[PDB]
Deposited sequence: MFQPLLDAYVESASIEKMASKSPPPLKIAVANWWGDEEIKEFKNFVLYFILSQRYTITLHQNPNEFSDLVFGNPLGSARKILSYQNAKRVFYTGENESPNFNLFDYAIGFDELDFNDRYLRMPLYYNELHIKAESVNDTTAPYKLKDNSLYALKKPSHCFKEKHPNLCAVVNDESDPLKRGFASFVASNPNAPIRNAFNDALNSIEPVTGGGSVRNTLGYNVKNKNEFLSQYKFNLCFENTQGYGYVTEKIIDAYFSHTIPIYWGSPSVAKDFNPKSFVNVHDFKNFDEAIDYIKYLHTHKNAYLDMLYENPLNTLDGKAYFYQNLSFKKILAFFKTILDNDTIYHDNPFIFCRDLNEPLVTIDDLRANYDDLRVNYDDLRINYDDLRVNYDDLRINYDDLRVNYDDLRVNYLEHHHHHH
């Protein structure tokens, strides 16, 4: 159920504005190779957005300045914050701090931030609309920016099956929107799942349709199931793929993170680790399409777990908690990473 999954991130975005518009400044360095179309990504994905409210920012494509937010992986003796999207371990001998998906900890030295807070953020960059279903909090961080109308034309069916101007069981079985081959679990599972009911591909891999899809979310809304396999297996490797399936009034058939039920509710989606073998991963669904009174619940289930009434994110993923990492970052200036003293 996406409506709480959006209303929840909004409360995790609950912060206080600043005293004056003398916002404490900041200097940022990145990997050498990133570009304006990837630096607009740097300013558009969720991280710069939270530095956009507390601190003041000016970016640097020159290592000819000494700075505080040094990202990337292209420098030796500086103040360097990690930040990934791919499955990459953290190495605190070259860097200082880390933003990963490891269900880890290193005191004030690691900040697990899965890239499912970027599509969650980013899913709120489209709902600031007059022709949108999912609701923001009034005069919140996202409602403070001017509204638009690019939503009724893009999504006419995703705008439908959610608001109950249409049915969810009068749609199709499974859809496949993977485009990368190096993922043997992601690919193969199209085999088995298909020999029981057709599966629709939309990438370069197992492409069933006939056309390559431009809007990935209008796609799944015409389906009753989405397949959310990551490219590689990783405890915490839960990305935006699950989100683009929750957002689409469909069911994610998830596999990749052997520790996923912490992140989101194991009852609202199909978790493929929750099985002893693979043919049970196919059994779970064949009970749900057929006996609809059981397809409702999972479909009508909250992505998030609950707390004596209240619904939450795992490990208190919030706008604030991230700051109790960066504030401590700015703060202690111990050069943990090996002081580069070549012989």
item: Stretches with no C-alpha position, numbering per deposited sequence from 1; value: 75-83, 353-420
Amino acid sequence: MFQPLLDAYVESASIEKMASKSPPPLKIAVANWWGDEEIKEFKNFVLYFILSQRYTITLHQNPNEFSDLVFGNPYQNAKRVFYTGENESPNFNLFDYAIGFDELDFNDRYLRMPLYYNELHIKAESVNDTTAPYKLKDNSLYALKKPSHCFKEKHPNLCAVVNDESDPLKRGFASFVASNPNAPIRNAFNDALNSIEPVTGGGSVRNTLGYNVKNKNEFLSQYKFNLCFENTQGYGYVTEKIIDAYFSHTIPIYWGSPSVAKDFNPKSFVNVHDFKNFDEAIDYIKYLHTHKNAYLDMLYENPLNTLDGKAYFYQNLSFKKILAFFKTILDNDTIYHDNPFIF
From here on, numbers count along this sequence of modelled residues.
| property | result |
| --- | --- |
| Selected stretch [higher average CA B-factor]: 35-43 or 306-314 | 35-43 |
| Average Cα temperature factor in the PDB entry - higher stretch of 26-34, 280-288 | 26-34 |
| Selection from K216, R109, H155, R206 [criterion: highest C-alpha temperature factor in the record] | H155 |
| Per the PDB entry, maximal CA B factor within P252, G85, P198, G172 | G85 |
| Position of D333 among the chain's modelled residues by C-alpha B-factor, lowest, middle or highest third | lowest |
| Record-listed C-alpha B factor of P90: chain third | middle |
| Among modelled residues of the same chain, the CA temperature factor third for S67 | highest |
| Where the record places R80 (Cα B-factor, split into thirds across the chain) | middle |
| B-factor third for the C-alpha atom of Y134 within its chain | highest |
